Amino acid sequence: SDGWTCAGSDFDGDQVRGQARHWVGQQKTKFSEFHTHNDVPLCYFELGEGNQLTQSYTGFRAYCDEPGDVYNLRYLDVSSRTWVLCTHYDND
């Protein structure tokens, strides 16, 4: 499987994608300012810990392309006011 490292926090790939399925299906994602490297628009949702679903800011955001595939994750760096890319990893 796979996941993301956001500053000190680990996000599990399956848990993230489970949250994504919910918000895409409910049609409650938000248009994002970011696009993919291929110029595809992204939408985001607020990323909860584990399987938690929330519409409240958590410090972490997941970004999907239309069909609803998770493209990447970012975390808010409060010092810089920037949404910094989380590091994606794949396990063996």
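Throughout, we count residues from 1 along the sequence that is shown.
Peer 1: Comparing 7 to 15 with 72 to 80, which stretch shows the greater average C-alpha B-factor in the deposited entry?
Peer 2: Result: 7 to 15.
Peer 1: Using only modelled residues of the chain, where does the Cα B factor of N38 rank: lowest third, middle third or highest third?
Peer 2: Its C-alpha B-factor belongs to the highest third of this chain's values.
Peer 1: Please say which third, lowest, middle or highest, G50 falls into when its CA temperature factor is compared across its chain.
Peer 2: It falls in the top third of the chain.
Peer 1: Would you check the entry's CA temperature factor for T58 and let me know if it's in the chain's lowest, middle or highest third?
Peer 2: It falls in the bottom third of the chain.
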